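Next up, model24.csv (CSV, C-alpha atoms and all ligand atoms):
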chain,number,residue,atom,x,y,z
A,2,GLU,CA,0.0,0.0,0.0
A,3,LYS,CA,2.8,2.6,0.5
A,4,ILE,CA,4.6,3.3,-2.8
A,5,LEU,CA,7.8,5.3,-3.5
A,6,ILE,CA,8.0,7.8,-6.4
A,7,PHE,CA,11.4,8.7,-7.8
A,8,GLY,CA,13.3,10.0,-10.8
A,9,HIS,CA,16.6,9.0,-12.1
A,10,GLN,CA,20.1,8.6,-10.7
A,11,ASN,CA,22.2,11.8,-10.9
A,12,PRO,CA,19.0,13.8,-10.3
A,13,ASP,CA,18.0,16.9,-12.0
A,14,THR,CA,15.4,19.5,-11.1
A,15,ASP,CA,12.7,17.7,-13.1
A,16,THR,CA,13.5,14.4,-11.5
A,17,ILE,CA,13.3,15.9,-7.9
A,18,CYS,CA,10.3,18.2,-8.4
A,19,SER,CA,8.2,15.8,-10.5
A,20,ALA,CA,8.6,13.2,-7.7
A,21,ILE,CA,7.4,15.7,-5.1
A,22,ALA,CA,4.6,16.9,-7.3
A,23,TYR,CA,3.3,13.5,-8.3
A,24,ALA,CA,3.4,12.3,-4.7
A,25,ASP,CA,1.3,15.4,-3.7
A,26,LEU,CA,-1.2,14.5,-6.5
A,27,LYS,CA,-1.4,10.9,-5.3
A,28,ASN,CA,-1.7,11.9,-1.6
A,29,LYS,CA,-4.4,14.5,-2.3
A,30,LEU,CA,-6.4,11.8,-4.0
A,31,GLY,CA,-6.2,9.5,-1.0
A,32,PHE,CA,-3.2,7.3,-1.8
A,33,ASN,CA,0.0,6.7,0.1
A,34,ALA,CA,3.1,7.9,-1.7
A,35,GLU,CA,6.5,9.2,-0.6
A,36,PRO,CA,8.7,11.0,-3.1
A,37,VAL,CA,12.4,9.9,-2.8
A,38,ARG,CA,15.6,10.6,-4.7
A,39,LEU,CA,18.5,8.5,-5.9
A,40,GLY,CA,21.4,10.9,-5.6
A,41,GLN,CA,22.5,14.3,-4.4
A,42,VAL,CA,20.4,17.4,-5.0
A,43,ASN,CA,22.3,19.9,-7.3
A,44,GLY,CA,22.6,23.6,-6.6
A,45,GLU,CA,19.9,24.5,-9.2
A,46,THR,CA,17.4,22.1,-7.5
A,47,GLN,CA,18.4,23.3,-4.1
A,48,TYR,CA,17.5,26.9,-5.0
A,49,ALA,CA,14.0,25.7,-6.1
A,50,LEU,CA,13.5,23.7,-2.9
A,51,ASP,CA,14.7,26.6,-0.7
A,52,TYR,CA,12.7,29.2,-2.6
A,53,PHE,CA,9.4,27.3,-2.3
A,54,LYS,CA,10.1,26.0,1.2
A,55,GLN,CA,10.0,22.3,0.3
A,56,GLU,CA,12.0,19.6,1.9
A,57,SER,CA,14.5,17.5,-0.1
A,58,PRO,CA,13.1,14.0,-0.8
A,59,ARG,CA,14.6,11.3,1.4
A,60,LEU,CA,17.6,9.6,-0.3
A,61,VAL,CA,17.4,5.8,-1.0
A,62,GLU,CA,19.7,3.3,-2.5
A,63,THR,CA,17.2,0.4,-2.8
A,64,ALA,CA,13.4,0.0,-2.8
A,65,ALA,CA,12.6,-3.7,-2.2
A,66,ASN,CA,13.6,-3.5,1.5
A,67,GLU,CA,10.8,-0.8,1.9
A,68,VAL,CA,8.0,-1.4,-0.6
A,69,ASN,CA,6.6,-3.7,-3.2
A,70,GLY,CA,5.7,-1.1,-5.8
A,71,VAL,CA,7.1,2.1,-7.2
A,72,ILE,CA,6.4,4.9,-9.7
A,73,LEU,CA,9.0,6.2,-12.0
A,74,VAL,CA,9.0,9.9,-13.0
A,75,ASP,CA,11.3,11.4,-15.7
A,76,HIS,CA,12.9,8.1,-16.7
A,77,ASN,CA,12.3,4.5,-17.7
A,78,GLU,CA,15.6,3.0,-18.6
A,79,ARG,CA,16.8,0.5,-16.0
A,80,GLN,CA,20.4,1.8,-15.8
A,81,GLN,CA,19.0,5.3,-14.9
A,82,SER,CA,16.8,3.8,-12.2
A,83,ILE,CA,17.2,2.5,-8.7
A,84,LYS,CA,19.8,-0.3,-8.4
A,85,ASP,CA,17.2,-2.9,-7.3
A,86,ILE,CA,14.5,-1.9,-9.8
A,87,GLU,CA,14.2,-5.6,-10.9
A,88,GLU,CA,13.0,-6.5,-7.4
A,89,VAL,CA,10.0,-4.3,-7.3
A,90,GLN,CA,6.9,-3.8,-9.4
A,91,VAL,CA,6.8,-0.6,-11.6
A,92,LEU,CA,3.2,0.5,-11.1
A,93,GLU,CA,3.4,3.6,-13.3
A,94,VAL,CA,5.8,5.7,-15.3
A,95,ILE,CA,5.3,9.4,-16.2
A,96,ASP,CA,8.0,10.5,-18.6
A,97,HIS,CA,9.0,12.4,-21.7
A,98,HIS,CA,11.9,10.4,-23.1
A,99,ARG,CA,12.4,7.5,-25.6
A,100,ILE,CA,11.7,4.0,-24.2
A,101,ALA,CA,14.5,1.6,-23.9
A,102,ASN,CA,16.0,-0.9,-21.5
A,103,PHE,CA,12.5,-1.3,-19.9
A,104,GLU,CA,10.1,-4.1,-19.6
A,105,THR,CA,7.3,-5.1,-17.2
A,106,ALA,CA,5.8,-8.4,-16.3
A,107,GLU,CA,2.3,-6.9,-15.8
A,108,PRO,CA,0.2,-4.1,-17.3
A,109,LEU,CA,0.8,-0.6,-15.8
A,110,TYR,CA,-0.1,3.1,-16.2
A,111,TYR,CA,2.5,4.3,-18.6
A,112,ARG,CA,2.3,7.9,-19.7
A,113,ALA,CA,4.9,9.4,-21.9
A,114,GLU,CA,4.3,12.5,-23.9
A,115,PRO,CA,6.7,14.2,-26.4
A,116,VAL,CA,7.1,17.4,-24.4
A,117,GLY,CA,10.1,19.0,-22.9
A,118,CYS,CA,9.5,18.2,-19.2
A,119,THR,CA,7.7,15.7,-16.9
A,120,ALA,CA,6.1,18.5,-15.0
A,121,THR,CA,4.2,19.6,-18.1
A,122,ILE,CA,2.5,16.2,-18.1
A,123,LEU,CA,1.9,16.4,-14.3
A,124,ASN,CA,0.2,19.8,-14.8
A,125,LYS,CA,-2.2,18.0,-17.2
A,126,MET,CA,-2.9,15.3,-14.6
A,127,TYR,CA,-3.7,17.7,-11.8
A,128,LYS,CA,-6.3,19.3,-14.1
A,129,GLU,CA,-7.7,15.8,-15.2
A,130,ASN,CA,-8.2,14.9,-11.5
A,131,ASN,CA,-9.7,18.3,-10.5
A,132,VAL,CA,-6.9,18.8,-7.8
A,133,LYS,CA,-5.8,22.4,-7.0
A,134,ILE,CA,-2.1,23.0,-7.5
A,135,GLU,CA,-0.8,24.6,-4.3
A,136,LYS,CA,1.5,27.7,-4.8
A,137,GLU,CA,4.7,25.9,-3.7
A,138,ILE,CA,4.0,22.8,-5.8
A,139,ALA,CA,3.4,25.1,-8.8
A,140,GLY,CA,6.8,26.7,-8.0
A,141,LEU,CA,8.5,23.3,-8.1
A,142,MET,CA,6.8,22.3,-11.3
A,143,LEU,CA,7.7,25.7,-12.9
A,144,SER,CA,11.3,25.1,-11.8
A,145,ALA,CA,11.3,21.7,-13.5
A,146,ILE,CA,10.2,23.2,-16.8
A,147,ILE,CA,12.7,26.1,-16.6
A,148,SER,CA,15.5,23.6,-15.9
A,149,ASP,CA,14.6,21.1,-18.7
A,150,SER,CA,13.9,23.9,-21.2
A,151,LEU,CA,17.0,26.0,-20.5
A,152,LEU,CA,14.6,29.0,-19.8
A,153,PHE,CA,12.7,28.1,-23.0
A,154,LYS,CA,15.8,28.1,-25.1
A,155,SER,CA,15.9,24.4,-25.9
A,156,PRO,CA,14.4,22.9,-29.1
A,157,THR,CA,12.9,20.2,-26.8
A,158,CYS,CA,10.6,22.9,-25.3
A,159,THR,CA,7.2,22.8,-26.9
A,160,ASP,CA,4.2,25.1,-26.9
A,161,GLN,CA,2.7,22.9,-24.2
A,162,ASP,CA,5.7,23.4,-21.9
A,163,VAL,CA,5.4,27.2,-22.4
A,164,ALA,CA,1.7,27.2,-21.7
A,165,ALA,CA,2.2,25.1,-18.5
A,166,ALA,CA,5.0,27.4,-17.3
A,167,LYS,CA,2.7,30.5,-17.8
A,168,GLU,CA,0.0,28.8,-15.7
A,169,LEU,CA,2.4,27.7,-13.0
A,170,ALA,CA,4.3,31.0,-12.7
A,171,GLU,CA,0.9,32.7,-12.1
A,172,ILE,CA,0.0,30.1,-9.4
A,173,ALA,CA,3.4,30.2,-7.8
A,174,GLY,CA,3.4,34.1,-7.7
A,175,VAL,CA,6.7,34.6,-9.5
A,176,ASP,CA,8.0,36.1,-12.6
A,177,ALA,CA,9.4,33.2,-14.5
A,178,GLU,CA,12.3,34.9,-16.1
A,179,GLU,CA,13.6,36.6,-12.9
A,180,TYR,CA,13.1,33.5,-10.8
A,181,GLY,CA,14.4,31.2,-13.6
A,182,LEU,CA,17.6,33.1,-14.1
A,183,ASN,CA,18.3,33.0,-10.3
A,184,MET,CA,17.6,29.3,-10.2
A,185,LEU,CA,19.8,28.5,-13.2
A,186,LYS,CA,22.6,30.6,-11.9
A,187,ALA,CA,22.5,28.7,-8.6
A,188,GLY,CA,23.5,25.6,-10.6
B,2,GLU,CA,1.4,14.0,-43.5
B,3,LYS,CA,-0.2,10.5,-43.7
B,4,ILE,CA,0.0,8.0,-40.8
B,5,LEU,CA,-1.1,4.4,-40.5
B,6,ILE,CA,-2.8,3.2,-37.3
B,7,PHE,CA,-2.9,-0.6,-36.6
B,8,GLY,CA,-3.2,-3.3,-34.0
B,9,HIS,CA,-1.4,-6.6,-33.8
B,10,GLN,CA,-0.9,-9.6,-36.1
B,11,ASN,CA,-3.7,-12.2,-35.8
B,12,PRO,CA,-6.2,-9.4,-35.2
B,13,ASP,CA,-8.9,-9.5,-32.6
B,14,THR,CA,-11.9,-7.2,-32.3
B,15,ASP,CA,-10.1,-4.7,-30.1
B,16,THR,CA,-7.2,-4.4,-32.5
B,17,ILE,CA,-9.5,-3.8,-35.5
B,18,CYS,CA,-12.1,-1.6,-33.8
B,19,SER,CA,-9.5,0.5,-31.8
B,20,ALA,CA,-7.6,1.2,-35.1
B,21,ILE,CA,-10.8,2.5,-36.7
B,22,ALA,CA,-11.8,4.5,-33.7
B,23,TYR,CA,-8.5,6.1,-33.0
B,24,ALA,CA,-8.1,7.0,-36.8
B,25,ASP,CA,-11.6,8.7,-36.5
B,26,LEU,CA,-10.5,10.7,-33.5
B,27,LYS,CA,-7.2,11.7,-35.1
B,28,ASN,CA,-9.0,12.7,-38.3
B,29,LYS,CA,-11.6,14.7,-36.4
B,30,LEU,CA,-8.6,16.6,-34.7
B,31,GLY,CA,-7.2,17.5,-38.2
B,32,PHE,CA,-4.7,14.8,-38.8
B,33,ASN,CA,-4.4,12.4,-41.7
B,34,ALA,CA,-4.7,8.8,-40.5
B,35,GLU,CA,-5.8,5.5,-42.0
B,36,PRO,CA,-6.7,2.5,-39.9
B,37,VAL,CA,-5.1,-0.7,-41.3
B,38,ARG,CA,-4.9,-4.4,-40.4
B,39,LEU,CA,-2.1,-7.0,-40.3
B,40,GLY,CA,-4.1,-10.2,-40.9
B,41,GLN,CA,-7.6,-11.6,-41.5
B,42,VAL,CA,-10.7,-10.5,-39.7
B,43,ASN,CA,-12.3,-13.2,-37.6
B,44,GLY,CA,-16.1,-13.8,-37.4
B,45,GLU,CA,-16.6,-12.0,-34.2
B,46,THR,CA,-15.0,-8.9,-35.5
B,47,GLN,CA,-16.9,-9.3,-38.8
B,48,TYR,CA,-20.2,-9.3,-36.9
B,49,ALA,CA,-19.3,-6.0,-35.3
B,50,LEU,CA,-18.2,-4.4,-38.6
B,51,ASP,CA,-21.4,-5.6,-40.4
B,52,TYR,CA,-23.7,-4.6,-37.6
B,53,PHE,CA,-22.3,-1.0,-37.3
B,54,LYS,CA,-21.8,-0.7,-41.2
B,55,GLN,CA,-18.1,-0.2,-41.1
B,56,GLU,CA,-15.6,-1.6,-43.6
B,57,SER,CA,-12.7,-3.8,-42.7
B,58,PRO,CA,-9.5,-1.8,-42.6
B,59,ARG,CA,-7.1,-2.2,-45.5
B,60,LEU,CA,-4.7,-5.2,-45.1
B,61,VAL,CA,-1.0,-4.3,-45.2
B,62,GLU,CA,2.2,-6.2,-44.9
B,63,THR,CA,4.6,-3.3,-44.5
B,64,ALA,CA,4.4,0.4,-43.6
B,65,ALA,CA,7.7,2.0,-44.6
B,66,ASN,CA,6.8,2.0,-48.3
B,67,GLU,CA,3.8,4.2,-47.5
B,68,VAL,CA,4.5,6.4,-44.5
B,69,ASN,CA,7.2,7.6,-42.2
B,70,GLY,CA,5.3,7.3,-38.9
B,71,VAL,CA,2.7,4.9,-37.4
B,72,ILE,CA,0.5,4.6,-34.3
B,73,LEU,CA,0.2,1.3,-32.5
B,74,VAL,CA,-3.1,0.3,-30.8
B,75,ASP,CA,-3.6,-2.7,-28.5
B,76,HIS,CA,0.0,-3.9,-28.7
B,77,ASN,CA,3.6,-2.8,-28.3
B,78,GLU,CA,5.7,-5.9,-28.6
B,79,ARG,CA,7.7,-6.1,-31.8
B,80,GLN,CA,6.8,-9.7,-32.6
B,81,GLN,CA,3.1,-8.7,-32.5
B,82,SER,CA,3.6,-5.7,-34.7
B,83,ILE,CA,4.2,-5.1,-38.5
B,84,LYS,CA,7.2,-6.8,-39.9
B,85,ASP,CA,9.0,-3.6,-40.7
B,86,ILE,CA,8.2,-1.7,-37.5
B,87,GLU,CA,11.9,-1.0,-37.0
B,88,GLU,CA,11.9,1.0,-40.3
B,89,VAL,CA,9.2,3.5,-39.3
B,90,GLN,CA,8.9,6.0,-36.4
B,91,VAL,CA,6.4,4.9,-33.7
B,92,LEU,CA,4.6,8.2,-33.0
B,93,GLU,CA,2.2,6.9,-30.4
B,94,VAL,CA,1.1,3.7,-28.7
B,95,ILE,CA,-2.3,3.3,-27.0
B,96,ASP,CA,-2.4,-0.1,-25.1
B,97,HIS,CA,-3.4,-2.0,-22.1
B,98,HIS,CA,-0.7,-4.7,-21.9
B,99,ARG,CA,2.7,-5.2,-20.3
B,100,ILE,CA,5.6,-3.5,-22.1
B,101,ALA,CA,8.2,-5.8,-23.6
B,102,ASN,CA,10.2,-6.2,-26.8
B,103,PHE,CA,9.8,-2.6,-27.5
B,104,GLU,CA,12.2,0.4,-27.7
B,105,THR,CA,12.2,3.7,-29.6
B,106,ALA,CA,15.0,6.0,-30.6
B,107,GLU,CA,12.9,9.1,-30.0
B,108,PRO,CA,10.3,10.3,-27.5
B,109,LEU,CA,6.6,9.5,-28.3
B,110,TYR,CA,3.1,9.6,-26.9
B,111,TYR,CA,2.9,6.3,-25.0
B,112,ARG,CA,-0.4,5.7,-23.2
B,113,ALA,CA,-0.9,2.4,-21.4
B,114,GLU,CA,-3.6,2.0,-18.7
B,115,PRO,CA,-4.2,-1.2,-16.7
B,116,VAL,CA,-7.7,-1.8,-18.0
B,117,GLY,CA,-9.2,-4.6,-19.9
B,118,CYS,CA,-9.5,-3.1,-23.4
B,119,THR,CA,-7.9,-0.4,-25.6
B,120,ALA,CA,-11.3,1.0,-26.4
B,121,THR,CA,-11.9,2.0,-22.7
B,122,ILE,CA,-8.8,4.3,-23.0
B,123,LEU,CA,-10.0,5.7,-26.4
B,124,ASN,CA,-13.3,6.5,-24.8
B,125,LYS,CA,-11.4,8.8,-22.3
B,126,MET,CA,-9.5,10.3,-25.2
B,127,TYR,CA,-12.7,11.3,-27.1
B,128,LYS,CA,-13.9,13.1,-23.9
B,129,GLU,CA,-10.5,14.7,-23.2
B,130,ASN,CA,-10.6,16.2,-26.7
B,131,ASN,CA,-14.4,17.1,-26.6
B,132,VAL,CA,-15.0,15.1,-29.8
B,133,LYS,CA,-18.4,13.4,-30.1
B,134,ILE,CA,-18.3,9.6,-30.6
B,135,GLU,CA,-20.6,8.8,-33.6
B,136,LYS,CA,-23.1,6.0,-33.1
B,137,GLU,CA,-21.2,3.5,-35.4
B,138,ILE,CA,-17.8,4.2,-33.8
B,139,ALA,CA,-19.4,3.7,-30.3
B,140,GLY,CA,-20.7,0.4,-31.5
B,141,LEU,CA,-17.2,-0.7,-32.6
B,142,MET,CA,-15.7,0.5,-29.3
B,143,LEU,CA,-18.4,-1.4,-27.3
B,144,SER,CA,-17.7,-4.5,-29.5
B,145,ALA,CA,-14.0,-4.2,-28.5
B,146,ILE,CA,-14.8,-4.1,-24.8
B,147,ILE,CA,-17.2,-7.1,-25.0
B,148,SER,CA,-14.6,-9.0,-26.9
B,149,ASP,CA,-11.7,-8.4,-24.6
B,150,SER,CA,-13.8,-8.8,-21.4
B,151,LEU,CA,-15.6,-11.9,-22.6
B,152,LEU,CA,-18.9,-10.1,-21.8
B,153,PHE,CA,-17.4,-8.8,-18.5
B,154,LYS,CA,-16.3,-12.3,-17.4
B,155,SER,CA,-12.5,-12.0,-17.9
B,156,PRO,CA,-10.2,-11.5,-14.9
B,157,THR,CA,-8.7,-8.5,-16.8
B,158,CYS,CA,-12.1,-6.6,-16.9
B,159,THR,CA,-12.3,-3.5,-14.6
B,160,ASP,CA,-15.0,-1.2,-13.5
B,161,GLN,CA,-13.6,1.3,-16.0
B,162,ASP,CA,-14.4,-1.2,-18.8
B,163,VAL,CA,-17.9,-2.0,-17.5
B,164,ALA,CA,-18.8,1.6,-17.2
B,165,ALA,CA,-17.4,2.5,-20.7
B,166,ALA,CA,-19.4,-0.4,-22.2
B,167,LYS,CA,-22.7,0.9,-20.7
B,168,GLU,CA,-22.0,4.4,-22.1
B,169,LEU,CA,-21.0,3.2,-25.5
B,170,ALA,CA,-24.0,0.9,-25.8
B,171,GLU,CA,-26.3,3.9,-25.1
B,172,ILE,CA,-24.5,6.0,-27.8
B,173,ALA,CA,-24.6,3.0,-30.2
B,174,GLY,CA,-28.3,2.4,-29.6
B,175,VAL,CA,-27.9,-1.2,-28.4
B,176,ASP,CA,-28.3,-3.3,-25.3
B,177,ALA,CA,-24.7,-4.2,-24.4
B,178,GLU,CA,-25.5,-7.7,-23.2
B,179,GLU,CA,-28.0,-8.6,-25.9
B,180,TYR,CA,-25.7,-7.3,-28.7
B,181,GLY,CA,-22.7,-8.8,-27.1
B,182,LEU,CA,-24.1,-12.3,-26.9
B,183,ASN,CA,-24.8,-12.2,-30.6
B,184,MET,CA,-21.4,-10.8,-31.5
B,185,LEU,CA,-19.6,-13.4,-29.3
B,186,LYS,CA,-21.7,-16.2,-30.9
B,187,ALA,CA,-20.6,-15.1,-34.3
B,188,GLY,CA,-17.0,-15.9,-33.4
C,201,MN,MN,15.8,14.4,-16.0
C,202,MN,MN,12.8,15.8,-17.5
C,203,MN,MN,-5.8,-7.7,-28.8
C,204,MN,MN,-7.2,-5.4,-26.3

Encoded form using structure tokens:
Amino acid sequence: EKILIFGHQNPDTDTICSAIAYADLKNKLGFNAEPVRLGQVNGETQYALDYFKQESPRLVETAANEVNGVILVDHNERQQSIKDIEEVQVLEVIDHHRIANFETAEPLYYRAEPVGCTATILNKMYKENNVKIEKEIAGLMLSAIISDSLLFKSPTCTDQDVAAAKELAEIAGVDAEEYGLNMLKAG
Amino acid sequence: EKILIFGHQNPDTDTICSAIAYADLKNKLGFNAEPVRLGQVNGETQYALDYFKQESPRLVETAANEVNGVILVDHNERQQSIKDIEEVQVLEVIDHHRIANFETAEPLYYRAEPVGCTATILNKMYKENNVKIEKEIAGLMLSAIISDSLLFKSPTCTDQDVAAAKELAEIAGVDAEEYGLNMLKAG
């Protein structure tokens, strides 16, 4: 019944913030999720956490000693994932990358979209579930999109990512450019 | 640009009907999609096509001679797919099975949900896009759910499937159980 949600090894802002955000969505719907991380938080992500007054996810090396099932955000390939990923069931994946080095024994909820950031997809999922995005969660989701898009300069950034960042900046109460440049400079 | 939408080799009713239904949705949304099939239509599927006045999708052996990109419904595993799947880009997958024998070079729209039929997922996609399901298309979608669920008897059947079947039967103008028994008998 408890599940862990995490992104990839060598975490980036999307991998930390999308784990926290998806755990919030799961918990606001009555489930039992803890967001965790697989490595050290970098200076860009730490700026986001500090700014929006959010705790760092707990660091884990393995999952099977804790839970039976996990959710992956921002990755799918086994070599990017937790070291004992073969010993737990992947219940869901929310991601924006190519699929490789990944198989399941059972059906699952797999949601990949060809957008520039996982948090763009989570924005969609909050709205599909009629769950309000709290100011600080919006700030973390905005941070993820700024990070993965290089402040909207990456060709991986789509109109969906820009539209999500506009929504989330309004919710978070920040100017995306001013906040984004400070966040990126902290990294 | 033209795309082909298809389900698996040895087609079943979900693989035919979900290809037709998702091509309808795509086309309503301004794309250029043709549903195709990879083998012969069985008698159960033929009943559904005849009842709802739909033509059997065109049979193909290969896709790369026609298009650059394809959408898979009701499958992902390469050995279930078209023989030259590695020569085209997989743009999207809509499915309800485990993931295996499947990789992509690029990102894509991958939507798997742990439900009993692809058409239950497509029903959500119509509603997400505010596109009306025409009577005949609802009939094919209902046929897919009855087929995959064995008239709601299969261990894979969920409450999401049962609910979608009732909705689609109302739109199609049939009684799900009465129509479904005749369709199943035809196979
Ligand atoms: Mn990442
Ligand atoms: Mn990312
Ligand atoms: Mn099938
Ligand atoms: Mn199916």

Polymer residues at most 10 Å from residue 133 (chain B), all atoms listed in the file, same-chain spacing of 4 or more positions, as a ChimeraX atom specification
/B:26,29,127-128,138-139,172

Output of the above residues as an mmCIF file, in the coordinates of the input, restricted to C-alpha atoms:
data_model
loop_
_atom_site.group_PDB
_atom_site.id
_atom_site.type_symbol
_atom_site.label_atom_id
_atom_site.label_comp_id
_atom_site.auth_asym_id
_atom_site.auth_seq_id
_atom_site.Cartn_x
_atom_site.Cartn_y
_atom_site.Cartn_z
ATOM 1 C CA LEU B 26 -10.500 10.700 -33.500
ATOM 2 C CA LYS B 29 -11.600 14.700 -36.400
ATOM 3 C CA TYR B 127 -12.700 11.300 -27.100
ATOM 4 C CA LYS B 128 -13.900 13.100 -23.900
ATOM 5 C CA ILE B 138 -17.800 4.200 -33.800
ATOM 6 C CA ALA B 139 -19.400 3.700 -30.300
ATOM 7 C CA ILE B 172 -24.500 6.000 -27.800
#

Could you tell me how far CA of residue 17 (chain A) sits from CA of residue 113 (chain A), in Å to one decimal place?
17.6 Å

Residues within 10 Å of ligand MN 202 (chain C), counting only C-alpha atoms and all ligand atoms, as a ChimeraX atom specification
/A:8-9,12-19,74-76,95-98,116-121,145-146,148-150

Show me, as an MDAnalysis selection string, the residues of chain B whose atoms get within 12 Å of chain A, using all atoms listed in the file for the distance check.
chainID B and resid 75:78 90:118 122 125:126 128:130 157

Mind giving me the straight-line distance from CA of residue 24 (chain A) to CA of residue 158 (chain B) in Å, one decimal?
27.3 Å

List as a PyMOL selection string the protein and nucleic acid residues near residue 54 (chain A), meaning an atom at most 10 Å away when all atoms listed in the file are counted, but skip any in the same chain fewer than 6 places from it.
chain A and resi 48+137-138+140-141

Please write as an MDAnalysis selection string the list of polymer residues whose atoms come within 12 Å of (3.0, -2.4, -40.2), counting all atoms listed in the file and keeping to the coordinates of the file.
chainID B and resid 4:10 35:40 59:74 76:77 79:91

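Comparing the minimum interatomic distances between residue 30 (chain A) and each of A:124, A:55, A:43, A:131, counting only C-alpha atoms, we find that A:131 sits nearest.
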
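Across the structure, CA of residue 52 (chain B) and CA of residue 180 (chain B) are spaced 9.5 Å apart.
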
Between B:46, B:25, B:173, B:32, which residue has the minimum interatomic distance to ligand MN 203 (chain C), considering only C-alpha atoms and all ligand atoms?
B:46

Mind completing region 15-30 of chain A with N, CA and C atoms? Output as a PDB file, keeping the file's coordinate frame, please?
ATOM      1  N   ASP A  15      13.902  18.429 -12.718  1.00  0.00           N
ATOM      2  CA  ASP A  15      12.700  17.700 -13.100  1.00  0.00           C
ATOM      3  C   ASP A  15      12.480  16.432 -12.314  1.00  0.00           C
ATOM      4  N   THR A  16      13.553  15.661 -12.177  1.00  0.00           N
ATOM      5  CA  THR A  16      13.500  14.400 -11.500  1.00  0.00           C
ATOM      6  C   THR A  16      13.130  14.560  -9.983  1.00  0.00           C
ATOM      7  N   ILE A  17      13.613  15.631  -9.342  1.00  0.00           N
ATOM      8  CA  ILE A  17      13.300  15.900  -7.900  1.00  0.00           C
ATOM      9  C   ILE A  17      11.873  16.474  -7.815  1.00  0.00           C
ATOM     10  N   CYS A  18      11.618  17.524  -8.596  1.00  0.00           N
ATOM     11  CA  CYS A  18      10.300  18.200  -8.400  1.00  0.00           C
ATOM     12  C   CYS A  18       9.151  17.431  -8.926  1.00  0.00           C
ATOM     13  N   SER A  19       9.321  16.644  -9.998  1.00  0.00           N
ATOM     14  CA  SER A  19       8.200  15.800 -10.500  1.00  0.00           C
ATOM     15  C   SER A  19       7.901  14.674  -9.493  1.00  0.00           C
ATOM     16  N   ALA A  20       8.895  14.169  -8.768  1.00  0.00           N
ATOM     17  CA  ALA A  20       8.600  13.200  -7.700  1.00  0.00           C
ATOM     18  C   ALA A  20       7.794  13.787  -6.625  1.00  0.00           C
ATOM     19  N   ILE A  21       8.182  14.986  -6.166  1.00  0.00           N
ATOM     20  CA  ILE A  21       7.400  15.700  -5.100  1.00  0.00           C
ATOM     21  C   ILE A  21       6.009  15.965  -5.576  1.00  0.00           C
ATOM     22  N   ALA A  22       5.885  16.528  -6.785  1.00  0.00           N
ATOM     23  CA  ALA A  22       4.600  16.900  -7.300  1.00  0.00           C
ATOM     24  C   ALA A  22       3.686  15.709  -7.470  1.00  0.00           C
ATOM     25  N   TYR A  23       4.186  14.618  -8.094  1.00  0.00           N
ATOM     26  CA  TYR A  23       3.300  13.500  -8.300  1.00  0.00           C
ATOM     27  C   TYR A  23       2.902  12.834  -6.970  1.00  0.00           C
ATOM     28  N   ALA A  24       3.825  12.795  -6.001  1.00  0.00           N
ATOM     29  CA  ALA A  24       3.400  12.300  -4.700  1.00  0.00           C
ATOM     30  C   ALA A  24       2.308  13.186  -4.059  1.00  0.00           C
ATOM     31  N   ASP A  25       2.396  14.506  -4.237  1.00  0.00           N
ATOM     32  CA  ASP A  25       1.300  15.400  -3.700  1.00  0.00           C
ATOM     33  C   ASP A  25       0.020  15.008  -4.408  1.00  0.00           C
ATOM     34  N   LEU A  26       0.010  14.859  -5.743  1.00  0.00           N
ATOM     35  CA  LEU A  26      -1.200  14.500  -6.500  1.00  0.00           C
ATOM     36  C   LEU A  26      -1.800  13.211  -5.926  1.00  0.00           C
ATOM     37  N   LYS A  27      -0.946  12.185  -5.821  1.00  0.00           N
ATOM     38  CA  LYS A  27      -1.400  10.900  -5.300  1.00  0.00           C
ATOM     39  C   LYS A  27      -1.962  10.982  -3.905  1.00  0.00           C
ATOM     40  N   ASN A  28      -1.293  11.733  -3.027  1.00  0.00           N
ATOM     41  CA  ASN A  28      -1.700  11.900  -1.600  1.00  0.00           C
ATOM     42  C   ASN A  28      -3.017  12.692  -1.502  1.00  0.00           C
ATOM     43  N   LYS A  29      -3.169  13.728  -2.337  1.00  0.00           N
ATOM     44  CA  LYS A  29      -4.400  14.500  -2.300  1.00  0.00           C
ATOM     45  C   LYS A  29      -5.594  13.769  -2.877  1.00  0.00           C
ATOM     46  N   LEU A  30      -5.336  12.672  -3.567  1.00  0.00           N
ATOM     47  CA  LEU A  30      -6.400  11.800  -4.000  1.00  0.00           C
ATOM     48  C   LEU A  30      -6.603  10.593  -3.096  1.00  0.00           C
TER      49      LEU A  30
END
